[PDB]
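Heads up: the structure comes next, in structure tokens.
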Amino acid sequence: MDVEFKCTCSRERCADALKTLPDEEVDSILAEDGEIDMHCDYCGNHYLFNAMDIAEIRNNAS
Ligand SMILES: [Zn+2]
Numbered sequence: 072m073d074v075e076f077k078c079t080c081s082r083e084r085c086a087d088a089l090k091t092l093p094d095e096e097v098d099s100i101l102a103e104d105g106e107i108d109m110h111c112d113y114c115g116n117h118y119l120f121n122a123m124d125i126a127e128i129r130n131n132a133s
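The letter at position 11 of the sequence shown is residue 82 when you use the numbering used here, and the numbering goes up by one with no holes.
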């Protein structure tokens, strides 16, 4: 079993696109909804990000 709808690059590209946004803007969304729902800047595929996932990105993309 398989599907023909996937990120053609990797989640890491979508994560890098989130990492460059203002710290106050990212923190404001987390303080009102606890997570972020966004599309990959390279292929448009959607992914979800939370405070714990962003904390791992801040210790891998820095
Ligand atoms: Zn992608």
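The beta carbon of each residue, even a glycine, is placed where N, CA and C say it ideally should be.
Exercise. Going along the chain, which residues of its own chain have a beta-carbon closer than 6 Å to the beta-carbon of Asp112, five neighbours each way excluded?
Worked result: Taking the sequence shown and counting its residues from 1, the one referred to as residue 112 is at position 41. The residues are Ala88.
Exercise. CA-CA distance, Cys78 and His110?
Worked result: Residue 78 sits at position 7 when you count from the first residue of the sequence shown. Residue 110 sits at position 39 when you count from the first residue of the sequence shown. Approximately 10 Å between the Cα atoms of the pair.
Problem set entry | residue 148 - DSSP class collapsed to helix/strand/coil | Since the displayed the chain opens at 72 and closes at 133, residue 148 lies outside it and no answer follows.
Problem set entry | Contact set, ligand 1 heavy atom to C-beta under 7 Å | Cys78, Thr79, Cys80, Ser81, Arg84, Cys85, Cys111, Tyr113, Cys114, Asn116
For this session: Report back the beta-carbon spacing between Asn130 and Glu106 to the nearest angstrom; my notes put them in contact at under 8 Å.
Result: Here the question's residue 130 lines up with position 59 in the sequence shown. Here the question's residue 106 lines up with position 35 in the sequence shown. That pair is no contact at about 19 Å.
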